[PDB]
Amino acid sequence: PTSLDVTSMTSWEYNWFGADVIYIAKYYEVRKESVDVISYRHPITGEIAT
Amino acid sequence: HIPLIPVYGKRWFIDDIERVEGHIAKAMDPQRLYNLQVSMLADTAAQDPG
Amino acid sequence: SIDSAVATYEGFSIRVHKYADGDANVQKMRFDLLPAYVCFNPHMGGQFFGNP
Amino acid sequence: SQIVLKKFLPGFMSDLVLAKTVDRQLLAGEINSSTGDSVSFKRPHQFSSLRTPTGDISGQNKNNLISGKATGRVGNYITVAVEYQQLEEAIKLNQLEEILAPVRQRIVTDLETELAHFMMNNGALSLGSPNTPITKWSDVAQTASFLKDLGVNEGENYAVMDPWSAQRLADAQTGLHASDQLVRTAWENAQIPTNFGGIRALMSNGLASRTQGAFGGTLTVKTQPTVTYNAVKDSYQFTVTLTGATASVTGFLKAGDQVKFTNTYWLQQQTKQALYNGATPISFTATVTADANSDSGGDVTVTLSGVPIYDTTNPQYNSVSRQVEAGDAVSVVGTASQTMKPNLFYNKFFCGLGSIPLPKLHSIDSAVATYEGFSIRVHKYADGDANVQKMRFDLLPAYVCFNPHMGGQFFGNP
């Protein structure tokens, strides 16, 4: 059953007649992560490449 | 693609419903008031000639 | 000024009102519907059973 | 006397150290809508050893596996409500910000008072005569010495004292002989340092006070109670009947009094050896939970927190040298019916504290206010046809006691 509207705001809706839609949402976050980079140093066609 | 090509005068998306407007919808009330005023003046004027 | 919503089922729309009594600290919901019936002509329907 | 300024005068407030020092981590967001109104934690296990000189003994009289519990529950609501004829109320106080200040303070003060009452009702350990106030360095160092003697390590130990006692300790500190920094600090600000005698000393003015409750006669236990770990593995409470009391008195034993058993001593929980306090052994004591009356014949049935486990089939859980049996002599600390404000000492893992978030009431304007880690829900409505607006404030606490044997009361010892 997917009928779990996310916090259906019900913010003073004034209208006549209605629609049957279900509300879902997207959630964006930013995080600081530790990642290890590899430095390739082949002399051919430039050498330094991280 | 679907071979149907829609054309709109003015279109907006207010509350989950596509709402359109042309160039006549805004002026029906003054016109249908003017008609009533003209008729109600005409019959009253024709009522009493002299 | 009462929170409400509309639900659909088999092409029928039902209005739900959610409100609360404050001092008693109770929350209550109600779903409402209003039907209307008409009989155009009695001579176009009835009950049928197997004849002997 | 008609012109009125818009600035409120300063008022009075209490102090808050108990909530900040108690553990608010383990029970945090655990009583949800799915768990229920009560949640429980596990208990550590203890084992006992056998002493035999042979090795091909693959079959013998082994240990047993028994699991304990510690259950925490919710409390009553904290509510303050105000009503007003909004005409008169808005004539001279607009938008109602000045009422916001003394409602959160009242709620938090009530929460702290309830927490102190709960702690002093559920604590087990006791020290010193309630008459003598705190005067010297030993009166504070004794709590740390006792706590280290029992064997508690995990956590930090705290002791809370009234403002006047702290002043006496500062006066004693001003008499030191070689520490210039301590002498100067005590002379200037009368402020004792953080670690006082090995335990963290704390100053609090808002501290619950209690009355002893009239008692008299030679008390003694009448029937041997059941104190096996099977019986007391879930609540750490036990019920005992006493005789030899006064004929008929209401409120014979109030909530929080310490009943001391003379011939049963504490045990160092790990090594299972008795405790020696320099010159005398330390006796067992328990705290009354609810008010207990006396019927004809002086038979008083009282429920005590903190149990003298002396199981005979599971020796590994013993905590008292000998089993309490009928005819033993007991006493009650303090005098007949005096009233006093006790001083507290406790480990960090003695009691818990939590709050239950409250959902918004439907079709009622509401808001959330944060204050010293506590969230208060504010509701406004207009019930009634008297042109009266109504407002309410809500907060819901939850309490738990982990182990009664890591806290209690302490006074001065003359």
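Among the residues of the range B:11-50, those identified as among the charged types (D, E, K, R) and more than 14 Å from chain A (Cβ to nearest Cβ) are B:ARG11, B:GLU21, B:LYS26, B:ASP29, B:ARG32, B:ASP43, B:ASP48. At least 3 residues being more than 20 Å from D:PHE393 (Cβ to Cβ) is the threshold, and among the strands (runs of 3 or more DSSP E) wholly inside the range D:7-121 those reaching it are D:38-41, D:70-74.
Taking the range D:45-82 only, how many residues are without any contact (Cβ under 8 Å) to a residue 24 or more places away in the chain and either among the aliphatic types (A, V, I, L, M) or under 22 Å from D:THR228 (Cβ atoms) (or both)?
Residues in the range D:45-82 being without any contact (Cβ under 8 Å) to a residue 24 or more places away in the chain and either among the aliphatic types (A, V, I, L, M) or under 22 Å from D:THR228 (Cβ atoms) (or both): 7 in total.
Residue check: is C:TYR37 surrounded by 10 or more Cβ atoms within 10 Å (Cβ to Cβ) and either in contact (Cβ under 8 Å) with a residue 60 or more places away in the chain or among the aromatic types (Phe, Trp, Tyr) (or both)? The answer is no for C:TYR37. Condition first: of a type in the set (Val, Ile, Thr) and touching a residue at least 60 places away in the same chain (Cβ under 8 Å). Now tell me which residues in the range D:327-385 satisfy that. If the condition is that a residue be of a type in the set (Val, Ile, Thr) and touching a residue at least 60 places away in the same chain (Cβ under 8 Å), then D:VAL330, D:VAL332, D:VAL333, D:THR335, D:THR339, D:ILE356, D:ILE376 are the ones that fit.
Of the residues making up the range C:2-35, just one is on the phi > 0 side of the Ramachandran plot and at the interface with another protein chain (Cβ under 9 Å from one of its Cβ atoms), namely C:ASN25.
Applying the condition of being touching a strand residue (DSSP E or B) at 6+ places or on another chain (Cβ under 7 Å) and aliphatic (A, V, I, L, M) to the range D:157-192 and asking which residue is nearest to D:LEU16 (Cα to Cα) yields D:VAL160. So, D:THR271, is that one under 30 Å from D:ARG43 (Cβ atoms), among the polar types (S, T, N, Q) and in a strand (DSSP E or B) or not? When the stated conditions are applied, D:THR271 does not pass them. Kindly list, by first and then second residue, each pair from a residue in the range D:156-180 that is without any contact (Cβ under 8 Å) to a residue 24 or more places away in the chain to a residue that is of a type in the set (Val, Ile, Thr) and assigned to a loop (DSSP other than H, G, I, E, B), limited to pairs with Cβ atoms under 8 Å and residues at least 6 apart or on different chains. These pairs meet every condition: D:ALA170/D:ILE192; D:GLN173/D:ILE192. When D:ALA326, D:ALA369, D:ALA290 are checked against the criterion of being surrounded by fewer than 20 Cβ atoms within 10 Å (Cβ to Cβ), in contact with a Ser or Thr (Cβ under 9 Å, 6 or more places away or on another chain) and not in a loop (DSSP other than H, G, I, E, B), a single residue qualifies: D:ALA369.
When we screen A:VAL21, A:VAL37 for residues that are within 14 Å of chain C (Cβ to nearest Cβ) and either surrounded by 10 or more Cβ atoms within 10 Å (Cβ to Cβ) or on the phi < 0 side of the Ramachandran plot (or both), the only hit is A:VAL21. From D:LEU395, D:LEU304, D:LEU361, which residue is over 21 Å from D:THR79 (Cα atoms) and surrounded by 20 or more Cβ atoms within 10 Å (Cβ to Cβ)? Criteria check complete, one pass: D:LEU304. Scanning the range D:54-64 turns up one or more residues that are farther than 30 Å from D:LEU358 by Cβ and either among the acidic types (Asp, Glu) or under 29 Å from the mean Cα position of the chain (by Cα) (or both).
On inspection, A:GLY46 does not qualify as small (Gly, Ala, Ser), surrounded by 10 or more Cβ atoms within 10 Å (Cβ to Cβ) and either over 18 Å from C:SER1 (Cα atoms) or out of contact with any helix residue (DSSP H, G or I) (no Cβ under 6 Å at 6 or more places or on another chain) (or both). Is it the case that D:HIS405 is more than 21 Å from C:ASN25 (Cβ to Cβ) and surrounded by fewer than 21 Cβ atoms within 10 Å (Cβ to Cβ)? Yes, satisfied.
The condition (being assigned to a helix (DSSP H, G or I), of a type outside the set (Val, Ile, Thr), loosely packed, with under 10 Cβ neighbours inside 10 Å and out of contact with any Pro (no Cβ under 8 Å at 6 or more places or on another chain)) is satisfied by just one residue among B:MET28, B:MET40: B:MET28.
Between D:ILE107, D:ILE78, the distinction of being surrounded by 15 or more Cβ atoms within 10 Å (Cβ to Cβ), touching an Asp or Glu at 6+ places or on another chain (Cβ under 8 Å), β-branched (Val, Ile, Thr) and closer than 14 Å to D:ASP394 by Cα belongs to D:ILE78 only. Within the range B:3-10, is even one residue assigned to a strand (DSSP E or B), away from every other protein chain (no Cβ under 14 Å) and under 20 Å from the mean Cα position of the chain (by Cα)? Within the range B:3-10, one or more residues are assigned to a strand (DSSP E or B), away from every other protein chain (no Cβ under 14 Å) and under 20 Å from the mean Cα position of the chain (by Cα). Among the residues of the range B:7-19, is any surrounded by 10 or more Cβ atoms within 10 Å (Cβ to Cβ), out of contact with any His (no Cβ under 9 Å at 6 or more places or on another chain) and of a type in the set (A, V, I, L, M)? There is at least one residue in the range B:7-19 that is surrounded by 10 or more Cβ atoms within 10 Å (Cβ to Cβ), out of contact with any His (no Cβ under 9 Å at 6 or more places or on another chain) and of a type in the set (A, V, I, L, M).
If I ask for residues that are part of a loop (DSSP other than H, G, I, E, B), more than 23 Å from the chain's Cα centre (by Cα) and surrounded by fewer than 19 Cβ atoms within 10 Å (Cβ to Cβ), which ones from the range D:229-247 would you list?
Applying the first criterion (part of a loop (DSSP other than H, G, I, E, B)) to the range D:229-247 yields D:233-236, D:244-247.
Filter again for more than 23 Å from the chain's Cα centre (by Cα), leaving D:244-247.
D:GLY244, D:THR246, D:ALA247, listed by residue number.
Quick note: the coordinates plus some simple rules give every number you see, no bench work behind them. We place every Cβ from the backbone using ideal geometry, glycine too, and count neighbours over all the protein chains shown.
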